[PDB]
Every structure is written in C-alpha cells, then in structure tokens.
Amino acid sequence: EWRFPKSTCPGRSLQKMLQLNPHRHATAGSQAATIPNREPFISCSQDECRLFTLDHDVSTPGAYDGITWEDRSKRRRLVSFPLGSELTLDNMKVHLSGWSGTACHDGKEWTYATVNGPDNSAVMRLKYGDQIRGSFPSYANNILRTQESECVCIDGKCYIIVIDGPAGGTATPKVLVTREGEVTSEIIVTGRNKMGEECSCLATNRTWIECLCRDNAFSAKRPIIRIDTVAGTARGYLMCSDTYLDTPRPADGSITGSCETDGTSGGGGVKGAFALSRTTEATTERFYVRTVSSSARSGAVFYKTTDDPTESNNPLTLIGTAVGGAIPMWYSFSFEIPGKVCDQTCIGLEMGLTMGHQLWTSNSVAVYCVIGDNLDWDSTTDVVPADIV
C-alpha cells in the first residue's frame, strides 16, 4: 500500500545509469522541439520513474528561448517526462505553474508542489493526483522556495522542506507534512536552523529522513536536517567533514573551530546531493558529490564515508571524478528508486549548458546509482552552446 523505506540493494560505489541530453538535437538541420530547462530532478513510483524539471513555456530552437536564464517568471512550470524519454515538446507533461518545485509518490498518488506568485507574496500549491489539495502561503514574504528535488513519503505522509527569507541572510526552513496533498502539520527545525535551501532528502532507515542542503549565506559546509517521522521533530546540523561540499569553498579543513562553526567566507552556494546504503535500522555508508573547482560550478567528484556526517570532521574518501573539471556542472539531486525487494539511491547531475550571462540556459542530466565497487566512467555532454540554433 503506502510507500516506506526498505533496506537498500547492496552496493559500494556509484556507477552510471543513463544520461539525457536533449539539446544534442537542437543543431542546424535538426527536426526536434527540445525543452530548455533548469533545476531537474527525478522521482519514482513503483510503476515508473519520471524526470521532473522547471521549464520556460518554450522550446529550442525558437524565438522566445532567450528567457531561459531567468529564475522566476510567469512562464515557468513544473513539467515531467517518463524517465528515458528525451526532453521534447511532445513527451512533456505539465503539472503546475511555478518556479520552485518538488514531487514525490506516496504509493498511491503523486504529490506535486510548486511555488507561484510574486517574490513578496508567493504561494506553494500542492497537487495530489489531479486536484490541488494543499496551499501554503509565504511566511517571510521573501521568495518562498523549496527543494528542487523529490520529497520523501513514508506511511502515507510526505515531507517537504521549504524556506523563506533573504538569500544573503538568515532564512528559517520548515518541514511541511502532507497527507493527500493537504498540509497537515508544520515541523519546526531546531538546532542549527538559520539556513538550508534546496535540500536533497533521503530516508536513512525505516522512520528517519536526512536532508543535505545549501547555506547560501554563512558557510561552505552544507547544512544537514534530520527528521524523525515518529516523533514528528526535525533538527538542523552543519556537516562537519573537512571535505566541504559547497561551491564556492575554502581549502579543505581550513575552517577553524567546532563542527558547527560557519567559517569566515560562506557566501553563495549550489544545490548538492548524496546517496547512501541503509538497512531498516541505520545508514551504513554515505556517498557525496561536490564540484572539482572550489570557486566555480565545474566538474563533479564523488566521495564516500561510513562516519556520521554531523559528528566527524574526518575527510571523506575519494571515489573519483564523475565529470571533468573543464565541464560545467551545476545542481545535483538525490533520489530513490523503490523496488519490491530492495530500494536504491542515486545522484543526478545537472550538466549546465549556456551561451552566457542572461542568454540561453539549459542542461544535460547524468545519473549515477549506488552499485558495484568502482566508478565506471565519467560523463560529458559534447554539446557546444554556440551550435544551438
């Protein structure tokens, strides 16, 4: 009936699943209406996985596709594609207008959520199946926004992290608890709770959820939020590892002080992601990604650890380079593929494609999952934005 976390399929590394690269098909002579997009993620039911993303109400090639750099507009929508369908106009399914999104399947129906509206009075609407069942208005009136990756559903309840407030200062996250799309509860995040954008969330055992977030203002360490679904509580932490996962970031281990010390830099950031191995009682291994560059959104390197990331300052263990340092790599996202016997967690990579500042912008999506013993291959796009018609 209801979705719930199982023990994960055994795996000791990350290996490539597939890649979607729609703008390979937007060159001279081509015959495709491709969908430029940003903030992609993947979410799955027991029947099918789907690639979700935020579009701009336009295809490429096309005269209007110059707006695709914008973060927020009346044009953007949360859309999705069956996973493995290329990202073309006829394959696209529109779910909700809005410019920040999340989605997750509870075992019976999809929940889709987007934020729509002006910056100072936006509203999250939650769609359950075909009906808008939930509505959650901005509480700090400064760009209400959510995960840009899948939410987590356990035992008929879904858990969504939202944040509202300045990009350059304190902004308090909230855990929304939904039931058939209705917001039935808000959970206050205690502990280290002054930031936490764009969380990538995965269940760590049968009843707990762990989210890896972005602190855009205070620290190059990523915030971590843990949710106890039985107690209905949430606590924020700062990831303690010397291997800082945000971009931009200082040299590894150079932040002086306790685990929860911000550091002197910390402005700016990017959505990050992780994967894991777990039994029904505990997570036994974690897998992390960060950029190759400590200053630009370029490259992707995988790491792993068997320590608790909220307690240990130990450096992470290098897995290898999944995207070379010369290749733009922007957001990454966590997701889980449910199975009848075991679950599997994965990391998707937003390989960015752009003609430049305030010009055409989109991506290619590469997917790696927890399986095997060594990284198999790195990913490239072989798309030159200059070649896009």
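One rule holds for the numbers: they count along the sequence shown, beginning at 1.
If you average the C-alpha B-factors over 260-268 and over 205-213, the higher value belongs to 260-268. The PDB entry records a higher mean C-alpha B factor for 1-9 than for its counterpart among 378-386 and 1-9. Residues shown: 281, 86, 150, 90. Highest C-alpha temperature factor in the entry: 281. Placement of the Cα temperature factor of residue 321 within the chain: middle third of the modelled residues, per the deposited record.
Sort the modelled residues of the chain by CA B factor and residue 136 lands in the middle third. Remark: residue 315 belongs to the highest third of its chain, ranked by C-alpha B-factor as recorded.
Residue 118: CA B factor in the middle third of modelled residues in this chain (values from the PDB entry). Split the chain's modelled residues into thirds by C-alpha temperature factor. Residue 166 is in the highest one.
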